[PDB]
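Below is one structure, written out as structure tokens; the observations come after it.
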Amino acid sequence: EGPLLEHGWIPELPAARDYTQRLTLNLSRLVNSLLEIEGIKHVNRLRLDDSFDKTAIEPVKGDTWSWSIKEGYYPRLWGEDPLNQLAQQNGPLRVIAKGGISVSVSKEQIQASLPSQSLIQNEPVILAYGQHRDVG
Amino acid sequence: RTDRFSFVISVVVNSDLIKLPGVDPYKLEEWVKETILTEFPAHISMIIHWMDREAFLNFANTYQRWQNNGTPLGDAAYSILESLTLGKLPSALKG
């Protein structure tokens with residue numbers, strides 16, 4: 001339907017918000033996307049540790065989950081993600097397993113279990129020839 | 001001053017299970033009494049006291065000599081009575 005896409009087809013759009021105004025990010029929808037996975041039974045916390053003040057991200061009127069990033073910026077939630085944040089056991093993400101045992105992981109171990117995407121190229125569609133017959 | 005001797009089983013545990021990192025011993029203890037709750041009788045009551053490797057091994061010798069004699073009320077039992085809170089009369093064997 002759309003324009004010619006050499007890589008993949010995009011039948012559904014991500015519905016990107018406009019960048020004329022500042023943008024709220026509502027995370028109350030996140031929990032069931034987080035509750036989905038097999039080993040996860042629930043989540044215990046959802047907050048930010050005072051790293052929003054550099055661009056004055058204000059939480060909107062009453063709800064704890066939403067935050068509004070100021071005009072130009074876009075979220076980068078964990079920059080240089082596993083080695084900087086997730087593996088180091090500083091706790092940006094604290095896993096609690098069997099009451100309290102609270103196990104952790106390194107950087108390279110989760111990349112093997114990470115889904116690796118595939119670069120796909122879309123060749124043009126043609127009808128190949130049949131056998132030429134001497135009707136002449 | 002409470003009645004302690006009626007229906008109270010004491011389970012002495014190693015503290016090397018808590019020695020593993022990331023334990024949060026309170027959060028582990030919510031799981032430990034979670035499973036063995038079904039294992040105990042309803043009337044039967046459990047307080048636990050967990051200690052280091054060396055005080056466990058001093059208990060581990062005194063329990064077997066207690067059980068090999070056939071549970072006597074002698075000096076082997078009074079050492080176990082000292083090992084808990086409840087206090088014992090050890091004055092006959094002072095040294």
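Here, A, B, ... name the chains of the structure tokens in the order displayed, residue numbers run from 1 inside each chain, and ligands are numbered from 1 in the same displayed order.
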Margin query: Taking 3 positions as the minimum chain separation for residues in the same chain, which residues sit within 8 Å of range 15-21 of chain B when counting only C-alpha atoms? Answer as a PyMOL selection string.
Written below: (chain A and resi 101) or (chain B and resi 25+50-53)
Next item on the list: Taking only C-alpha atoms into account, report as a PyMOL selection string which residues of chain B lie within 6 Å of chain A.
Entry: chain B and resi 22-24+27-28+31
Could those selected residues go to a file with C-alpha atoms, as a compact mmCIF listing (two decimals), in the first residue's frame?
```txt
# COMPACT_ATOMS: atom_id res chain seq x y z
CA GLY B 22 22.30 -10.78 47.90
CA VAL B 23 20.43 -12.79 50.51
CA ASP B 24 18.28 -10.22 52.36
CA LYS B 27 13.14 -11.84 52.67
CA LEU B 28 14.64 -15.33 52.61
CA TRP B 31 10.22 -18.04 52.00
```
Next item on the list: For range 43-48 of chain B, list every protein, DNA or RNA residue within 8 Å, evaluated using only C-alpha atoms, and leave out those in the same chain fewer than 6 positions away; present the list as a PyMOL selection string.
Entry: chain B and resi 7-13
Save out the residues we just selected, C-alpha atoms, as a PDB file, in the first residue's frame.
```pdb
ATOM      1  CA  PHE B   7       4.799 -27.547  72.470  1.00  0.00           C
ATOM      2  CA  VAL B   8       7.817 -25.682  71.097  1.00  0.00           C
ATOM      3  CA  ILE B   9      10.225 -27.397  68.684  1.00  0.00           C
ATOM      4  CA  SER B  10      13.517 -25.563  68.154  1.00  0.00           C
ATOM      5  CA  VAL B  11      15.311 -25.922  64.818  1.00  0.00           C
ATOM      6  CA  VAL B  12      18.968 -24.875  64.779  1.00  0.00           C
ATOM      7  CA  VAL B  13      20.020 -23.749  61.304  1.00  0.00           C
TER       8      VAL B  13
END
```
Item checked: DSSP-assigned helix (DSSP H, G or I) among chain A, expressed as an MDAnalysis selection string -> chainID A and resid 30:35 81:86 107:112
Quick one: write out the picked residues with C-alpha atoms as a JSON list (two decimals), in the first residue's frame?
```
[["chain", "number", "residue", "atom", "x", "y", "z"],
["A", 30, "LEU", "CA", 3.70, -0.84, 30.87],
["A", 31, "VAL", "CA", 2.96, -3.23, 33.73],
["A", 32, "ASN", "CA", 1.01, -5.82, 31.74],
["A", 33, "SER", "CA", 3.67, -5.67, 29.03],
["A", 34, "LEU", "CA", 6.05, -6.39, 31.91],
["A", 35, "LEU", "CA", 3.69, -8.96, 33.50],
["A", 81, "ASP", "CA", 22.31, -0.17, 28.54],
["A", 82, "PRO", "CA", 23.72, -3.49, 29.88],
["A", 83, "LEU", "CA", 27.34, -2.68, 30.82],
["A", 84, "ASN", "CA", 26.46, 0.77, 32.14],
["A", 85, "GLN", "CA", 23.25, -0.08, 34.00],
["A", 86, "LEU", "CA", 21.85, -3.60, 34.01],
["A", 107, "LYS", "CA", 26.57, -7.93, 30.09],
["A", 108, "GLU", "CA", 27.40, -10.60, 27.53],
["A", 109, "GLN", "CA", 25.25, -13.37, 29.00],
["A", 110, "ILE", "CA", 21.93, -11.74, 28.12],
["A", 111, "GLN", "CA", 22.95, -10.81, 24.57],
["A", 112, "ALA", "CA", 23.04, -14.50, 23.66]]
```
Next item on the list: Find the distance between CA of residue 69 in chain B and CA of residue 40 in chain B and write it in Å to one decimal.
Entry: 27.0 Å
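Every protein or nucleic acid residue with an atom no more than 7 Å from range 71-76 of chain A, counting only C-alpha atoms and leaving out same-chain residues fewer than 2 positions away, appears here: residues 21, 22, 69, 78 and 79 of chain A.
From CA of residue 79 in chain B back to CA of residue 67 in chain B, the distance works out to 13.3 Å.
Using only C-alpha atoms, the protein and nucleic acid residues lying no more than 12 Å from residue 121 in chain A, apart from those fewer than 6 places from it along its own chain, are residues 4, 5, 6, 7, 8 and 9 of chain A.
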Which of chain B counts as strand (DSSP E) under DSSP, as an mmCIF file with N, CA, C and O atoms, in the first residue's frame please?
```cif
data_model
loop_
_atom_site.group_PDB
_atom_site.id
_atom_site.type_symbol
_atom_site.label_atom_id
_atom_site.label_comp_id
_atom_site.auth_asym_id
_atom_site.auth_seq_id
_atom_site.Cartn_x
_atom_site.Cartn_y
_atom_site.Cartn_z
ATOM 1 N N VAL B 8 6.958 -26.560 71.879
ATOM 2 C CA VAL B 8 7.817 -25.682 71.097
ATOM 3 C C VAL B 8 9.049 -26.449 70.638
ATOM 4 O O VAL B 8 9.951 -26.725 71.435
ATOM 5 N N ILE B 9 9.085 -26.774 69.346
ATOM 6 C CA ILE B 9 10.225 -27.397 68.684
ATOM 7 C C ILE B 9 11.199 -26.290 68.310
ATOM 8 O O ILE B 9 10.783 -25.246 67.799
ATOM 9 N N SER B 10 12.484 -26.497 68.581
ATOM 10 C CA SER B 10 13.517 -25.563 68.154
ATOM 11 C C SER B 10 14.384 -26.192 67.075
ATOM 12 O O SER B 10 14.896 -27.302 67.248
ATOM 13 N N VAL B 11 14.537 -25.473 65.967
ATOM 14 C CA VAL B 11 15.311 -25.922 64.818
ATOM 15 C C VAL B 11 16.532 -25.031 64.672
ATOM 16 O O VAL B 11 16.406 -23.841 64.360
ATOM 17 N N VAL B 12 17.710 -25.605 64.876
ATOM 18 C CA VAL B 12 18.968 -24.875 64.779
ATOM 19 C C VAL B 12 19.508 -24.999 63.356
ATOM 20 O O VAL B 12 19.638 -26.101 62.808
ATOM 21 N N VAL B 13 19.760 -23.854 62.733
ATOM 22 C CA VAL B 13 20.020 -23.749 61.304
ATOM 23 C C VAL B 13 21.442 -23.219 61.127
ATOM 24 O O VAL B 13 21.959 -22.527 62.007
ATOM 25 N N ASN B 14 22.106 -23.601 60.036
ATOM 26 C CA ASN B 14 23.373 -22.972 59.689
ATOM 27 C C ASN B 14 23.148 -21.570 59.134
ATOM 28 O O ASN B 14 22.202 -21.321 58.385
ATOM 29 N N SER B 45 4.880 -25.963 67.467
ATOM 30 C CA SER B 45 5.299 -24.577 67.343
ATOM 31 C C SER B 45 6.811 -24.509 67.200
ATOM 32 O O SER B 45 7.530 -25.302 67.814
ATOM 33 N N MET B 46 7.289 -23.572 66.385
ATOM 34 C CA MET B 46 8.676 -23.558 65.943
ATOM 35 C C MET B 46 9.311 -22.187 66.134
ATOM 36 O O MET B 46 8.846 -21.200 65.557
ATOM 37 N N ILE B 47 10.381 -22.133 66.926
ATOM 38 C CA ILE B 47 11.306 -21.004 66.945
ATOM 39 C C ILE B 47 12.656 -21.508 66.458
ATOM 40 O O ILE B 47 13.064 -22.625 66.794
ATOM 41 N N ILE B 48 13.339 -20.711 65.643
ATOM 42 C CA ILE B 48 14.607 -21.114 65.046
ATOM 43 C C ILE B 48 15.711 -20.186 65.524
ATOM 44 O O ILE B 48 15.469 -19.004 65.795
ATOM 45 N N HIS B 49 16.918 -20.731 65.643
ATOM 46 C CA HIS B 49 18.080 -19.998 66.113
ATOM 47 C C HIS B 49 19.267 -20.419 65.260
ATOM 48 O O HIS B 49 19.718 -21.564 65.354
ATOM 49 N N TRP B 50 19.779 -19.512 64.429
ATOM 50 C CA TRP B 50 20.857 -19.860 63.510
ATOM 51 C C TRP B 50 22.139 -19.130 63.881
ATOM 52 O O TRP B 50 22.117 -17.936 64.190
ATOM 53 N N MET B 51 23.256 -19.863 63.845
ATOM 54 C CA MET B 51 24.555 -19.411 64.326
ATOM 55 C C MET B 51 25.631 -19.750 63.296
ATOM 56 O O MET B 51 25.359 -20.352 62.256
#
```
Check: Can you tell me, as a list in words, what residues are no more than 8 Å from range 64-67 of chain A when counting only C-alpha atoms, ignoring any on the same chain fewer than 6 positions away?
Finding: residues 24, 25, 26, 27, 28, 46, 47, 57 and 58 of chain A
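Closest approach to residue 77 in chain B among B:29, B:5, B:91, B:59 is made by B:59 (distances from only C-alpha atoms).
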